[PDB]
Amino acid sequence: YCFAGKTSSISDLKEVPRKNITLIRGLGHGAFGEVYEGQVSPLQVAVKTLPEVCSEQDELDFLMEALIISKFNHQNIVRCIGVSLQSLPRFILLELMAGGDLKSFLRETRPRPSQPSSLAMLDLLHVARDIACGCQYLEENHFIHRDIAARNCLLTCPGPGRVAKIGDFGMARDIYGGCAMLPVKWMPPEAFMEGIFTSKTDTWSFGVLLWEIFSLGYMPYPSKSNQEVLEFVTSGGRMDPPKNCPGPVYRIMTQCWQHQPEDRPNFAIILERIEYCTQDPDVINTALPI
């Protein structure tokens, strides 16, 4: 694997003795295996596991994740603490995000008649700004994530002062299973039509993510199916604003969704435009829907 002008190696990872690792509680499922809260000797960690019953192709997939995530050095990308590959099942140790994934956080935190005043519009911009920062770092380093979505984002803590980061790279690794598994609802025309991926691919996906954030955890093209989206988008159809979404934010989503890739902004521009949205009172004083 190459990144930042260097070729990484399996030895360059930090092997953590298995005896030092201790699993605390299950946290969900990954693309393939499972995930746990853990402790290393007292360091709080997250542990991605590789099933023992796995293919020899899956083993190599697992290693690649570790190598990929290890060469990143950015505050908006989950840190890789190390690996425990010499023992079975093979572990990958990663930064722990107490806020959990973003999609769930948005759904769990939707303002409701019981407790409406939970989140504000300014909080959503910071999350979007956080992810835009990471994507720019990837673009600057010529890495194409190719699966920018709320489900692959994590939060350090649920309360104020949370930071959002990109937490999963299973897609970039797989391309470096099938059609019904393709994230069609997050991809531009040239991706699901031709299989072309660039930094302007991630620009389109970030627009969908933006829509996810200001719909507060909704599913893109809610009532539509994958193929209905596939025909909707190629025809020039685009999603409507999320409920109460301020104009200048939606205007970012619509530029991210330009049909031709060269008509979409890069992440330097998106960031700048997003920061500008944090500077408009009429934007950050808009109330969220219940």
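Rigid core (definition): largest C-alpha set, two forms, superposition within 1.5 Å. Residues carry their position along the shown sequence, with the first being 1.
The stretch that moves more in 5 other deposited structures of this protein, judged by CA deviation after a rigid core superposition and choosing between 121-129 and 106-114, is 106-114.
For 163-171 versus 209-217, the mean Cα distance to the shown form in 5 other deposited structures of this protein after rigid core alignment is larger for 163-171. In at least a third of the other compared PDB entries of this protein that cover both flanking sides, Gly177 is left without coordinates. The entry shows a gap from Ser41 to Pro42, with 4 to 9 unmodelled residues of the deposited sequence in between. Between the stretches 94-102 and 113-121, it is 113-121 that shows the larger average CA temperature factor.
A summary of the deposited B-factors shows that, of 178-186 and 196-204, the stretch with the larger mean C-alpha value is 178-186. The maximum CA B-factor among the listed residues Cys54, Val233, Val249, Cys256, taken from the PDB record, is found at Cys54. Among all modelled residues in this chain, the alpha-carbon of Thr278 has a temperature factor (C-alpha) in the middle third. Annotation for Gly161: C-alpha temperature factor in the highest third relative to the rest of the modelled chain, per the entry. Remark: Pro222 belongs to the middle third of its chain, ranked by C-alpha B-factor as recorded. Placement of the Cα temperature factor of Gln75 within the chain: middle third of the modelled residues, per the deposited record.
In the deposited entry, the Cα temperature factor of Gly82 places it in the middle third of its chain's modelled residues.
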